[PDB]
């Protein structure tokens, strides 16, 4: 089966350079056009560039013309996007896609995308604080508890409960950017009130960009 796999994204300073790659499998990029398409956080899709790897001919969107270079190496079945003079406007998920070819000009296969964040802000791991279940939780009913994952940069963070054993009733909220310029989110779960004080609830927080891993026990306050 055809697959496209992007790599090379990350956090980069404004004015810097970054090279993305797109490795193709299950087909040969000589037979197709390869594209980059990007999506800024919360925005629509925007085509960036295309290449025909057999002759190397390229086309660019006006917003990246002169700053970005698309290229390909048919002997590696891989395409590249060299990004230079990066601006905050360039922050986006970058997708690789292809045209089907042979008269087919829709984008039938896409990669999962690679996130590029252009910012002068340093990495920072989150602090994790308990959202302790209320002592007024209705006896024999349903109680809520959670974790507050505060003050981290950049995105993303992942949260699980009891190392994946607890999934039903979990809501991990989309992060919000605080006025400080750091992200924050909460993860909550509803559980039977009878389970409080006996069942253990641990949120597992992973912030790969800062290599931060925190397991936080959430229990009723004494």
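Numbering follows the first chain given and starts at 1.
Student: For the stretches 192 to 200 and 152 to 160, which has the higher mean C-alpha B-factor as given in the deposited record?
Tutor: If you average the C-alpha B-factors of 192 to 200 and of 152 to 160, the larger mean comes out for 192 to 200.
Student: On mean Cα temperature factor in this entry, is 141 to 149 or 87 to 95 the higher one?
Tutor: 141 to 149 has the higher mean C-alpha B-factor.
Student: Could you check 165, 70, 45, 48 and tell me which one carries the biggest Cα B-factor in the deposited entry?
Tutor: Result of the comparison over 165, 70, 45, 48: 165.
Student: Say you rank 74, 82, 119, 134 by Cα B-factor from the PDB entry; which sits at the top?
Tutor: Reading the PDB entry, the winner on C-alpha B-factor is 134.
Student: Taking the chain's C-alpha temperature factors as the reference, tell me which third residue 113 falls into: lowest, middle or highest.
Tutor: Its C-alpha B-factor, which the entry lists for residue 113, ranks in the lowest third among residues of this chain.
Student: Please place residue 173 in the lowest, middle or highest third of its chain by C-alpha B factor as given in the entry.
Tutor: For residue 173, the deposited C-alpha B-factor lands in the middle third.
Student: Thinking about Cα B factors across the chain, which third does residue 33 belong to?
Tutor: Answer is lowest: the recorded C-alpha B-factor places it there.
Student: If you rank every modelled residue in this chain by C-alpha B factor, which third holds residue 21: lowest, middle or highest?
Tutor: Answer is lowest: the recorded C-alpha B-factor places it there.
Student: Relative to the other modelled residues of the same chain, rank the CA B-factor of residue 7 and answer lowest, middle or highest third.
Tutor: Ranked within chain, residue 7 CA B lands in the lowest tercile.
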